[PDB]
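> Build the 3D model from these lines:
(4 chains, ligands or ions: 6)
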Amino acid sequence: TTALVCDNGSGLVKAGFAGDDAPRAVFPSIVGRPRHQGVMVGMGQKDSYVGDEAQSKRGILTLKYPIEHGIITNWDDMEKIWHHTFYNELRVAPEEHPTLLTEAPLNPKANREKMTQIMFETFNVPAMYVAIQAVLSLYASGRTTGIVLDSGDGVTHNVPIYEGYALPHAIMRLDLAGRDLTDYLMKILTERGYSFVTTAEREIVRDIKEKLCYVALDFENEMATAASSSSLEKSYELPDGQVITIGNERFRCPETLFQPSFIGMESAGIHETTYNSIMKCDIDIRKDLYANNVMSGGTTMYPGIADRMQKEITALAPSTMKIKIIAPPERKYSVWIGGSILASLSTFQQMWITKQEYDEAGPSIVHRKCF
Amino acid sequence: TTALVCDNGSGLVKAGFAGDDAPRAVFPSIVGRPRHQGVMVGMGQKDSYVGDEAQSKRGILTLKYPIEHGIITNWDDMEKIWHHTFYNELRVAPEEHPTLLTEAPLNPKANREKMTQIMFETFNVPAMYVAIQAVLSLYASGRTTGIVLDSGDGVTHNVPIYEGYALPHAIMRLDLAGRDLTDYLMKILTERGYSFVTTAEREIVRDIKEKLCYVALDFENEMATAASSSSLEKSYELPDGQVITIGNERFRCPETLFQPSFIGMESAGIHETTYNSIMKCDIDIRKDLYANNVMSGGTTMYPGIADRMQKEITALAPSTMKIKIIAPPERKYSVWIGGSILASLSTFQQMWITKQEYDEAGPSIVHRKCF
Amino acid sequence: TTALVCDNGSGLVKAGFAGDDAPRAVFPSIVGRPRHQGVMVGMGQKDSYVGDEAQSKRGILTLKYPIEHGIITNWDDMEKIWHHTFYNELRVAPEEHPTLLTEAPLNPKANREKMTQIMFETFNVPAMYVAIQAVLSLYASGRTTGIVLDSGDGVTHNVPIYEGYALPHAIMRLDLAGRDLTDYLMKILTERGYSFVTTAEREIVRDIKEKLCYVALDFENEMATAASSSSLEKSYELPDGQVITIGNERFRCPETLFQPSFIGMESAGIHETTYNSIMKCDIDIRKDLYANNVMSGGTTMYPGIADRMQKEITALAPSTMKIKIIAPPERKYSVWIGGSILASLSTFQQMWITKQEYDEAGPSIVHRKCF
Amino acid sequence: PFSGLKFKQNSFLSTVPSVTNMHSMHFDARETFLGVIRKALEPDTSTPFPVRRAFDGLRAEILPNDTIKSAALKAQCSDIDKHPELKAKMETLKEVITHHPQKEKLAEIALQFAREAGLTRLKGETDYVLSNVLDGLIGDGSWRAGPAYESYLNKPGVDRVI
Ligand SMILES: Nc1ncnc2c1ncn2[C@@H]1O[C@H](COP(=O)(O)OP(=O)(O)O)[C@@H](O)[C@H]1O
Ligand SMILES: Nc1ncnc2c1ncn2[C@@H]1O[C@H](COP(=O)(O)OP(=O)(O)O)[C@@H](O)[C@H]1O
Ligand SMILES: Nc1ncnc2c1ncn2[C@@H]1O[C@H](COP(=O)(O)OP(=O)(O)O)[C@@H](O)[C@H]1O
Ligand SMILES: [Mg+2]
Ligand SMILES: [Mg+2]
Ligand SMILES: [Mg+2]
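Numbers count the residues shown, from 1 in each chain, chains lettered A, B, ... in the order given. Ligands and ions are numbered 1, 2, ... in the order given. Below is the structure:
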């Protein structure tokens, strides 16, 4: 009867039932094959771990992600992770409950067409629906207008939207996200000698990143604090026991969101592609978009990210009028929670994609369901 | 029907049936030719004693070992000792029961290829299997993870292994073992004048070693106890009757395991090639290898060897996290007992090497059976 | 007046004057302490041999390298080797000639900061400069564009660079190199019983490697030639006199460059991290990088390495357009020769790091000199 | 018959396991080699639709994903004469993988699974899928003998060397 909502996270698959406040189970989107001998006779089974059991056993696995840049690449593994959601951790029959997949805007069509074809012809769900990420996040705001800095693990994107109506031409999207943060953090740990090489260490780099890295309010003046390096450094215990420490590399890594030339991609920062999105929008809406900026996605859980972009968009906006940065304390789950709302609306049960209308339509039916 | 497991010990051949708790018969791996006149007419027969009857009659024999450094050298004598196992002391027909030979890692290929060719084309056993030493010893632990300080009579080696999966590149192996202890003990008895020269006396040196020699907790501070030589010396009755005594040479001999420069081999000690093995392993496993160190093999029956390496690896490990040394009270038989388990598993009877698949394969079949 | 250029080789220190075609003196980067009694009275002096005199006297020494993985570890010994360069074999006063140290990209900062602090405050050179390895190697090419497979003794790395301008984000670097070849060759000689254990034998393993090992064009089909082992084996005389022979282990050792899972490191091979570097580069340059691939460094003196990677990158590139592998016959000295050119340019004498600008700057001056 | 169809390059490099992995005794090399061939034959999205879902539709009854479907697949491989319509559709896929643009890179890795993992330990008695897929990549089909030999014993000189 009830619906399931399962945000296909680029880094962390978030899932749960409709109308629930918190998502039921959140596990990292990691499938992993083992890579060693296995001279034991009993424990050599289960030749592909996925999810949390791949997370704990990460030392003997080649951890690979099925989704990169918001684009689902390895469809063989992507079945394996969805089978882990429904059966292994939600323990629900997928043939009984309707689902609601979510995806980024401006991804390829085959990322959407295969995703519905692998949903019906494999899992036999009754009805599905595909939602744009950031337009779910306004339902989490409980507010019907304003652009969204939805920065995930794999992609960041801005979906400007006035009350009801979106701006499809002004949707901007950058591939710089948490993996591009993690890969750049791996580059700058080598300057302090902490050479973290392979995928098991690429996991523990993210544990360094999510526990330590903050973004600076003023980059140069706080870099000068790291010159008189007195109180900047913290220190992190690795899983083996030996401890690291990190100085200016702690805040220099999340400046990739603002200077994308650090990883060498030629783009504007997410403070500027914010303003470049609002300049693309029509002139009446611009007063309301400046008062309504929703930070969303797990990348935007950096401390100081709201105080930075409120300063930095103010540098780009005409200073005669106010800016606001709506950064709720549930930004990590905002796409799910707004997804949990939208499936629960009584005006929505005609907006699904049912199987009985799929069968004469084929996989192109989702292109005539909210583009 | 039942299987035999016969650990080809470098010093002591351990053998018995599958599923038995204790090995059936343990005898030293000594073949010996006589070396004198034999002017008696009746007792001049049996021109090559082997095993316990060579042990008791050791005064008139040139006792030689067929296996040195874990490598089987004299294949003519190695038939003679295996014929003594099956017929003379186990009294079983080798053509009826499957066998399970065991061997050290990183030994030559011809030590394995000849060993199977001399098993089928001489003894005609139905099925055989060759196991790495230390991976049997985890079956004796009943635990699926952790490195093994498997120090035998002829070779010591570390096989690090996480749950199921081994680390083949991190297998380290040193040739320092009990014979290198015995030969160094013969060198330092001459400092007290106890000149033990030939192979019969080389046997009774080992009886001195296994009854007296302990390893020191702190080498220098306990050497200083031997300066005020008051209570260190014990005393040992030789088989002729005259008695010896031994002071600092009692603990200085098993320090060869820790300072291999005493016998002049340029290596790290077995406390350090432990840590050098775990540094070679990947960073997640290192927390679990430190909690799981299995002492194994008859050399590690020295009293104080567990209290030493728990101290000494702690000096090398990062001190923020715990170390454990799993030293069971059956370390002498741990390779056999784990070998007795592995042959008894119901999931193993497809893992043999049968004769009917040998005949089209030849002796290279064991290289495609667990390397 | 003239400048010195001294490539801090990870395995072989290459040194000489500026503007010279060949480096003046090449000696292995080995310092060695003796490890025995020294009961002679006269010859017991010179308690630390280094260089060629440690090479000839290698039987009584513990040969240790000061640099591993391109990172200078033992700074006490690293003074001793540089003192051997300037005084003992170049016979030049370091206070008169400017120097030019070279180093790998993506090494730690303290490998660079200490290296300049130990250059001025110990040797008092007038001016120094630190260069990236592979960007010197294009000067040896006499060509201003193309990536470089600069594989040394300690590290391999790719520095993609278009005409003038480098690609700093696309610099890739793997620690697999000649020592990881040598250590794997030591592992696979034990399969033929040739147990070479300690550092003196680790030296003669490299003499086996550099004289015998070739890389195969097609690995599996030439492995099948070793099945019908007729003409593959050569044979090598050890320094004692006894001779070895080697079959499939001759080409299976340099396949570690292509299958890094042989030494168990989880990475792509150097054929693939080539292509992974060029995919990171921008789309216009990719046509010119494919026509310009410079093999460099002494590891790439394997016969057949050019014919292999020209085949293997062709398997990864889009086949509509050509590939080239620029493998000159001076790849062993290419980093030095390009270093000999760069110091000789008339437009370079303002690009040094002088002492008079060092004194108010401190060791961080090299971070504002070409990163 | 499947014209106008193509694949993306290097589509299978993430799927091929390490060599130390395939030296496992609990490594059933069938369903991980097919899993390479499954990923390697993933059709690129530049192919048009009505040739895409037909070739994908041929796959799901030939190269399934679940370990129970491929285990069910081997069941009719014992009596492949009595199942003609699936047996006849297999050589179509054999024709497709014959014209695969990375055939040599497949055929290099396809018999790398044969030796290191022991995929071809039956050598003439392997079932119908592993037969012709290897025969699709290896043209002469000379994989019957050759991985078994390993040059066991030869001593052209002195004894143990120390
Ligand atoms: N508390 C945190 N602090 C810093 N970074 C975080 C935090 N939580 C998550 N992240 C980053 O956000 C990513 C999770 O984003 P995710 O919610 O998966 O986006 P999506 O669901 O759209 O893929 C993680 O990879 C991590 O790098
Ligand atoms: N109780 C003991 N105390 C001290 N040393 C012992 C003891 N028992 C055996 N040893 C030493 O261990 C060696 C036997 O090791 P063993 O278990 O036979 O190894 P392997 O089976 O590999 O030859 C003997 O040489 C002996 O010196
Ligand atoms: N002619 C050769 N054939 C094969 N291998 C070689 C040859 N010359 C050098 N090598 C290998 O290359 C390494 C030397 O690389 P080198 O040029 O010294 O790198 P670096 O200068 O960065 O230290 C040595 O380890 C040696 O094993
Ligand atoms: Mg998200
Ligand atoms: Mg033993
Ligand atoms: Mg060098």
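> wait, what's in contact with residue A:215?
The neighbours of residue A:215, taking C-beta atoms under 8 Å, 6 or more residues apart in numbering or on different chains as the test, are A:251, A:254, A:255, A:257, A:258, A:302, A:303, A:304, A:305, A:308. No exception for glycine: its C-beta is placed from N, CA and C like everyone else's.
> ok, 6 Å please
A:254, A:302, A:304, A:305, A:308 (C-beta atoms under 6 Å, 6 or more residues apart in numbering or on different chains).
> How about it: what's its closest non-neighbour residue?
Nearest residue to residue A:215 in three dimensions, chain neighbours excluded: residue A:254, at 4.3 Å (C-beta to C-beta, 6 or more residues apart in numbering or on different chains).
> From residue C:269, how far off is the one you found?
Separation of residue A:254 from residue C:269 (C-beta to C-beta, to the nearest Å): 33 Å.
> Can you report how many residues lie near residue 22?
I went with chain A, as the question did not name one. Using other C-beta atoms under 10 Å in any protein chain shown, residue A:22 is surrounded by 13 other residues.
> my bad, chain D
Around residue D:22 there are 21 residues (other C-beta under 10 Å).
> Go ahead and confirm residue A:25 touches residue A:89.
Yes - under the criterion of C-beta atoms under 6 Å, residue A:25 makes contact with residue A:89 at 4.7 Å.
> mind saving the C-alpha coords of the biggest helix by length in chain D as CSV?
Ranked by number of residues, the top helix in chain D under DSSP state H is helix D:84-98. This file holds the C-alpha atoms of helix D:84-98, laid out as CSV (Å, rounded to 0.1, in the frame of the first residue of the first chain):
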residue,chain,number,x,y,z
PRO,D,84,17.2,-25.8,-30.5
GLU,D,85,15.7,-22.3,-30.4
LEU,D,86,18.0,-21.1,-27.6
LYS,D,87,20.9,-23.1,-29.1
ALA,D,88,20.3,-21.4,-32.5
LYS,D,89,20.2,-18.0,-30.9
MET,D,90,23.5,-18.5,-29.3
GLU,D,91,25.5,-18.5,-32.6
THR,D,92,24.0,-15.1,-33.4
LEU,D,93,25.8,-13.8,-30.3
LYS,D,94,28.9,-15.7,-31.4
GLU,D,95,28.6,-13.8,-34.6
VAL,D,96,28.4,-10.6,-32.7
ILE,D,97,31.4,-11.2,-30.5
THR,D,98,33.3,-12.2,-33.6
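> what's the offset of the following helix or strand past it from the middle of its chain?
Sequence-wise, the next helix or strand downstream of helix D:84-98 (DSSP states H and E) is helix D:103-110. Mean-position distance between helix D:103-110 and its chain equals 10 Å (C-alpha atoms, centre = their mean, to the nearest Å).
> The very next helix or strand once past helix D:103-110 vs chain A: in contact?
Next helix or strand after helix D:103-110 toward the C-terminus (DSSP H and E): helix D:112-116. No - using C-beta under 6 Å from any C-beta of the partner chain, helix D:112-116 stays clear of chain A, with a minimum separation of 12.3 Å.
> Return the distance of residue D:156 relative to chain A.
33 Å (C-beta to the nearest C-beta, to the nearest Å).
> Can you tell me the SS state at that residue?
Secondary structure state of residue D:156, per DSSP: H, G, I helix; E, B strand; the rest coil, is coil.
> coming back round to it: check the contacts of residue A:215 against ligand 5, which are close?
Among the contacts of residue A:215, proximity to ligand 5 is found for none (C-beta under 5 Å from the ion).
> nearest to residue A:328, of those?
residue A:305 (12.6 Å; C-beta to C-beta).
> How many residues are close by that closest one?
Residue A:305 - counted by other C-beta under 10 Å - has 23 other residues nearby.
> correct me, but the residue nearest to residue A:215 touches residue A:301?
No - with contact defined as C-beta under 6 Å, residue A:254 does not count as touching residue A:301 (10.6 Å).
> that older thread, among residue A:254 and residue C:269, which residue is more densely surrounded?
Between residue A:254 and residue C:269, counted using other C-beta under 10 Å, residue A:254 has the larger neighbour count: 23 against 19.
> List the residues that contact the more buried one.
Contacts of residue A:254 by C-beta under 6 Å, 6+ apart are A:213, A:215, A:302.
> residue contacts, the most centrally placed residue in chain A?
Per C-alpha atoms, centre = their mean, the C-alpha nearest to the average position across chain A is that of residue A:152, at 2.4 Å. Shown in contact with residue A:152 (C-beta under 6 Å, 6+ apart): A:10, A:177, A:297.
> can you put those residues in JSON lines and add neighbour count and secondary structure?
Listed next are the contacts of residue A:152 as JSON lines, based on neighbours: other C-beta atoms under 10 Å in any protein chain shown; DSSP: H, G, I helix; E, B strand; the rest coil:
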{"residue": "A:10", "neighbour count": "27", "secondary structure": "coil"}
{"residue": "A:177", "neighbour count": "25", "secondary structure": "coil"}
{"residue": "A:297", "neighbour count": "30", "secondary structure": "coil"}
